[PDB]
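Next come the chains, spelled out residue by residue.
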Amino acid sequence: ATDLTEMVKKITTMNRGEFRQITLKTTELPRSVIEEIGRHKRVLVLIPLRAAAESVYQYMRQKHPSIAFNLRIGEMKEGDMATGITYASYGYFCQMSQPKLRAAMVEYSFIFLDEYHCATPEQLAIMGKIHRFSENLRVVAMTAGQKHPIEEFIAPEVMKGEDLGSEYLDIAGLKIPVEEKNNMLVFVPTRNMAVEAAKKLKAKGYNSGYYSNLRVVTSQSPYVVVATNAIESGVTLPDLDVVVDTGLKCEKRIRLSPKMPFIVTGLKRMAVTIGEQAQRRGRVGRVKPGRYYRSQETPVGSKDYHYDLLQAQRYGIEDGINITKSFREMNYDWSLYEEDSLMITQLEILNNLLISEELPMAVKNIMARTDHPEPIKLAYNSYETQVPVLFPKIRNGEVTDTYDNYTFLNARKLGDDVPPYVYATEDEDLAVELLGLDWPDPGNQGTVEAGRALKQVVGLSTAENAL
């Protein structure tokens, strides 16, 4: 572009210890930069997904054969000095110790952080970690097609005690006109809602599906498909007319308290972002004019990265690095994300506890081999217990005799003996309540102290609310 040469001139004049945030081809940019600074110089481009990295690598090396390209998504390439543009995943650099990471990173003339607003745990750990030696680097953070008009509608919520005299129909809890004979996509938060509403519509005599098997439903017009946010990912919908968005989604959230377990994580129904709402609206108005029905639900500005930030903490354990502190410090300089001061503060107090002692070898092994979805839970809980507990699964609102078993845990069942967990799941907490049991209290100085520190921090916030 006429504006790409501007960005490039600005990037290429950058001095070590400088940072630039860019909004906009976020990959012809590094190409322009390397062509400007010298093809035998080294430039790194960090991509969230390994697949995305390999895909760009392939595309670029074929499109620009005179510029050297490298791909780092596998094992640590020792003594790496590859001269072209290196396309790597944030996870690739997560294998090296801080000193190794720094030694590797300073050898690059430029470091491009692509798709930073994905805020993945590997991304959040790398950004906080490299920021620790940002004085030695030149880093650029980069971030982010309707062709027909979309008729925008606000659908009212259905109340228990409904009539809709065949003029309207209840679809995902929203009042939609029956006339809407058109090709429909219904956005829903949970997996269960997508199936429950699909069977209700088929019972009403509509060609309904849920998310190939859909390909079958999709062939006959008109069609109604009730799909989760995971639906956009790949899946093609032929000549889609109308989108009905519930405005909701299901994501991992965290709750922090001075009472143990200080950390409790679990899926939660939340509002989608402006961004996610735009992606949902964006499914129509591409080939033909669209219709978008949204709930009265107001969207959130930014994604909640607190859960990923907690998961990211795993990447500083071996190095004795407080990822939460590094995130906070990086974000103060780079201003990439919105901040919840109380939450960062609490996460940081807990992070200090996490790295307060060397992790037992036994726990290190399990975390390395388990298919457990949150191995950091094991690291946090080891400050109180070394034996993982199996809490009975919760189907509906009742305690079942079903248990979730992951590899290498060597766990015991809950029974009636509640473990002194520092970190628990929403459901582990619910099972405790339903069974009429109680969570133990901090059993050591470090744990007692983290609790006091958390209490103190909450005290201010609460008072700041009061007036």
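Residues numbered from 1 in each chain as written, not as in the entry; some residues may be left out. Heavy atoms only, no water.

Structure determination for this PDB entry was carried out by X-ray crystallography, with a resolution of 3.27 Å recorded in the header.

You'll find the protein chain entered in the PDB entry as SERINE PROTEASE NS3, with Classical swine fever virus given as the organism.

Details of helix α14 (residues 426-434)
Taken together, the buried positions of α14 are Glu-426, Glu-428, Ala-431 and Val-432. Those residues of α14 that are buried are in contact with β14 (248-256), β15 (263-271), α13 (376-381), β18 (394-395), β19 (398-399) and β21 (423-425). (Buried < 20%, exposed > 50% of the residue type's maximum accessible area, 1.4 Å probe, protein only. Helix = DSSP H or I, 4+ residues; strand = E, 2+ residues; numbered from the N terminus. Contact = heavy atoms within 4.5 Å.)

Looking at the pattern of salt bridges
The full count for this structure, using the stated rule, is 27 salt bridges. Put simply, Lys-181 and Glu-179 hold a salt bridge, and the shortest N to O gap is 3.1 Å. The class of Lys-181 is exposed, set by a relative accessible area of 64%. Here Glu-179 falls in the partly exposed class, since its relative accessible area comes to 48%. With a shortest N-O distance of 2.9 Å, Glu-374 and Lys-252 are connected by a salt bridge. Linking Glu-374 in the loop between α12 (361-369) and α13 with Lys-252 in strand β14, this pair joins segments that are 122 residues apart in sequence. Residue class for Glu-374 comes out buried when judged on its relative accessible area of 3%. (Salt bridge = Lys/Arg side-chain N within 4 Å of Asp/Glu carboxyl O.)

Points about the packing of aromatic side chains
One pass over the structure, following the stated rule, counts 13 aromatic pairs. Residues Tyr-421 and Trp-439 carry aromatic rings whose centres are separated by 5.9 Å and whose planes lie at 20° to one another, so their mutual orientation is stacked. Here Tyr-421 is found in the loop between β20 (412-413) and β21, whereas its partner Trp-439 is found in the loop between α14 and α15 (445-466), with 18 residues between them in sequence. Overall, the relative accessible area of 8% leaves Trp-439 in the buried class. A connected cluster of aromatic rings, assembled from ring pairs, spans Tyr-116, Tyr-305, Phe-327 and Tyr-337. The residue whose ring lies beneath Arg-281 is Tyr-292, and the NZ or CZ to ring-centre distance is 5.5 Å. Here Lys-413 stacks its cationic end above the ring of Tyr-403, 3.7 Å away from the centre of that ring. (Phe/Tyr/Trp six-rings, centres within 6.5 Å; stacked < 30°, edge-to-face > 60°. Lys NZ or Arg CZ within 6 Å of the ring centre and 35° of its normal.)

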